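These numbers come from the heavy atoms of this one structure, side chains and all, not from hydrogens, waters or symmetry mates. Both ligands and their constituent atoms are indexed starting at 1 by order of listing. Here is how names work: the chains are called A, B, and so on, in the same order as the sequence lines, proteins then strands, and each is numbered from 1.
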Amino acid sequence: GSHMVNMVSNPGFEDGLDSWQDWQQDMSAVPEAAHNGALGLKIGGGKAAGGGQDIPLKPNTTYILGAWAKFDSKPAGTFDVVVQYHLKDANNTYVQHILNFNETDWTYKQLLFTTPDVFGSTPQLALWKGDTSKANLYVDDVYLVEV
Amino acid sequence: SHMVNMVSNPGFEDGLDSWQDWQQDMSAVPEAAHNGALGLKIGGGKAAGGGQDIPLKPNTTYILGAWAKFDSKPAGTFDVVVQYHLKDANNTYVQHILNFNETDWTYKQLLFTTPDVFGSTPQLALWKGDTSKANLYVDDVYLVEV
Ligand SMILES: [Ca+2]
Ligand SMILES: [Ca+2]
């Protein structure tokens, strides 16, 4: 086949938390969260928490955003995989391309988006476990792929 | 870390290389491009299509996606299909199908998981069953293991 290149650094958490910002100190790379490889990301339950990474993107370009995720118990809300950035318009409109997960079995989802001609800020890929239940969230194999 | 597209010449950037043209009704042309320099045009006036064999892995999750548009109002549809037999007693047959009838560039996708054993080599079919004068443009057909 033909490779489609993934822009995400340490996308399977195989290098632990390398390259991922940890915003609430609620992240750990652990084998119980692995979908592939030896590790996955666990975001601990009880409060909204997550992390992310800044990823410069090309203008006028289509990307696939995808991930595998599961909660270890039924959540009240969701785990969201997001690409977010400001536009370079009068208001600096903030735009988010969002995948929502609430499943308790490993589930893959993806969306596609096309970037604007100019960016108002550097795109960020955020992994945001907004659910506040005691459910733990596992996520692994994150993709941000051109084409 | 990377996706591998199982579709050969998925953006038609190498013309009709690696694609079968079943009704001699296909061309790779600039007006049919959604991305890059070329896209596939399936000519109107009769049902027609093309495809290729695709060597999928068993017990594996795949995403099928494509962009398409008719260049004029169609009567029927354009279908993108992954199809194969299972390896059970009677080689059961499944088709994973995206249907298009839009006149603006439109992206559609689906997810499927492959069986433990295949009864036949999977096929990717691009089938423009529409019989109107409308030409069909398709580009960036991909099939990725995730
Ligand atoms: Ca992993
Ligand atoms: Ca193309």
Asks: Would A:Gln110 and A:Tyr108 count as having a side-chain donor-acceptor pair, cut-off 3.5 Å?
Replies: yes

Asks: Going by chain and residue number, what protein N/O/S atoms come nearer than 3.0 Å to the Ca ion (ligand 1)?
Replies: A:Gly12 O, A:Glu14 OE2, A:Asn36 O, A:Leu39 O, A:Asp140 OD1, A:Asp140 OD2

Asks: Just by distance, with hydrogens left out, do A:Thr115 and A:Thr61 show a side-chain donor and acceptor under 3.5 Å apart?
Replies: no

Asks: With a distance cut-off below 6.0 Å to the six-membered ring centre and an angular limit of 45° from the axis, does B:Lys108 pair with B:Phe100 as a cation-pi contact?
Replies: yes

Asks: With A:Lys88 as the cation and A:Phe119 as the aromatic partner, state whether NZ or CZ is under 6.0 Å from the six-membered ring centre and within 45° of the axis.
Replies: no

Asks: Would you say the ring centroid of A:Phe13 lies under 6.0 angstrom from that of A:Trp20?
Replies: yes

Asks: B:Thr77 and B:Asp79: side-chain donor and acceptor closer than 3.5 Å?
Replies: yes

